[PDB]
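Novice: Next up is a structure, given as structure tokens.
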Amino acid sequence: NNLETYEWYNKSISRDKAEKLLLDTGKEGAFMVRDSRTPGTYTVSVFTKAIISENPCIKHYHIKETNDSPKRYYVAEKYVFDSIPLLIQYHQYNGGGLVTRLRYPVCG
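Residue 4 is where the sequence shown starts when you use PDB author numbering, and the numbers rise one by one after that.
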């Protein structure tokens, strides 16, 4: 289940790089992900077309894990999943709060 393969996943990524990659993509709600280390949760870098202080804001959401069944990972003590991809795939489609529920996974 080792992410690595999602336009949104960004291994060894940081908070600055994702934003950088985000600011590069623009897709309001640019979705990205970055591994953490804790219980095994992954990070999700979400970016809202930003180029100044107009409004556009970036957001790095971490996918919390809760002994799957029901699901484990989540980014809002909300809808949890057995993996970021599903957790992401779930946001990318259905609702799922988040800036825009995974508007466009950034892969930089």
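For each residue, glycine too, the CB sits at the ideal point set by N, CA and C.
1) By DSSP, does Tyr93 sit in helix, in strand, or in coil?
2) How big is the Cα-Cα spacing for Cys110 and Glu22?
3) Looking only at C-alpha atoms, which of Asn58, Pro59 and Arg75 sits nearest to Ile66?
4) With a threshold of 8 Å, are at least 3 pairs of Cβ atoms found where one atom belongs to the region 94 to 106 and the other to the region 24 to 33?
5) Contact criterion: CB-CB distance below 9 Å. Does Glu31 meet it with respect to chain D?
6) Using a Cβ-Cβ cutoff of less than 6 Å, which residues in the same chain neighbour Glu10 once the five nearest sequence positions on both sides are dropped?
7) Are the beta-carbon atoms of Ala53 and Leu26 separated by less than 9 Å?
8) Report the start-end ranges of each beta strand (DSSP E) in the region 24 to 104 that is 3 residues or longer and not cut off at the edges.
9) Apply the 10 Å Cβ neighbour rule to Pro42 and answer buried if 16 or more other Cβ atoms are within range, or exposed otherwise.
10) When you compare each of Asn97, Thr28, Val83 and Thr44 to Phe50 by their alpha carbons, which one comes out closest?
Specialist: Walking through what the data contain:
1) In the three-state reduction of the DSSP assignment, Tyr93 falls in the helix class, which pools H, G and I.
2) Rounded to the nearest whole angstrom, the CA to CA distance from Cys110 to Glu22 is 11 Å.
3) Closest option to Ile66, judged by alpha-carbon separation, among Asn58, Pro59 and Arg75: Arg75.
4) Verdict: yes, contact present.
5) In the structure shown, chain D does not exist; there is a single protein chain.
6) Excluding its 5 nearest sequence neighbours in each direction, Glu10 has C-beta neighbours in its own chain below 6 Å: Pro108 and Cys110, listed in chain order.
7) Yes. Within cutoff.
8) You should have 33 to 38, 45 to 50 and 61 to 65.
9) With fewer than 16 other Cβ atoms within 10 Å, it is exposed.
10) Of the candidates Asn97, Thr28, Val83 and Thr44, the one whose C-alpha sits nearest the C-alpha of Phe50 is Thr28.
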